[PDB]
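Okay, so here's just one chain, in structure tokens, the form solved without its partner chain.
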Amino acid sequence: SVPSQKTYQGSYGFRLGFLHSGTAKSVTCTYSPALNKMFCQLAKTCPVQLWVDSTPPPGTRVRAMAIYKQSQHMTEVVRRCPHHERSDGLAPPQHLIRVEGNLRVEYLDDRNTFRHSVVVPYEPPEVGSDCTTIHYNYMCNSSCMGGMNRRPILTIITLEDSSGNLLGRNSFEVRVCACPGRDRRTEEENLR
């Protein structure tokens, strides 16, 4: 079954935050609140903030998974194109989404659905901060032929206990493109 994308704050008040990087043409990543859509470049750092009202228990994990947004493509596993599949020392070459700068990263190929995901332990924010940040990398362009092939995707962020039970969920659309600033302005202008 297609994994759920429904927003769910859960008993810890789980919410996502994003950096507000603007729409300069050269911007490596930028988030559009009006679209709830992240625009980023291939393999560049894509910060995602985790916000909670109450700290989840030790053993809590944070999983990221991509699915196709269009209903006719939702049952197809999101994976890297054959060119980019051919790197780093921790992530499987087939996985679209990586976590950088975290040696506790763990990747999953699902036994039943064959979907890819990446999971890290939830770590509480630093003494001064009010949120925890994960540095994601997207390893294919949305336009990659033989891969996403111009099909829009969503990234589903799930807060899990140690057993994998759901504690909270949030999602956002992603476009991996060469020009995130240009493309965000173009789509937001097309809301008019």
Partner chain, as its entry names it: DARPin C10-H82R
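Residue numbers count along the first chain shown, from 1.
From this point on, the text means the form solved in complex with its partner chain, which you will not see here.
(message) Under a 4.5 Å heavy atom criterion, is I153 part of the interface with its partner chain in the entry with it bound?
(response) Outside the cut-off, so no.
(message) Against its partner chain in the entry with it bound, would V52 count as a contact residue? Criterion: heavy atoms within 4.5 Å.
(response) Yes, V52 sits close enough to its partner chain in the entry with it bound that at least one of its heavy atoms falls within 4.5 Å.
(request) Output the sequence-ordered list of residues from 14 to 45 with at least one heavy atom within 4.5 Å of its partner chain in the entry with it bound. (result) Residues within 4.5 Å: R15, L16, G17, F18, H20, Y31, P33.
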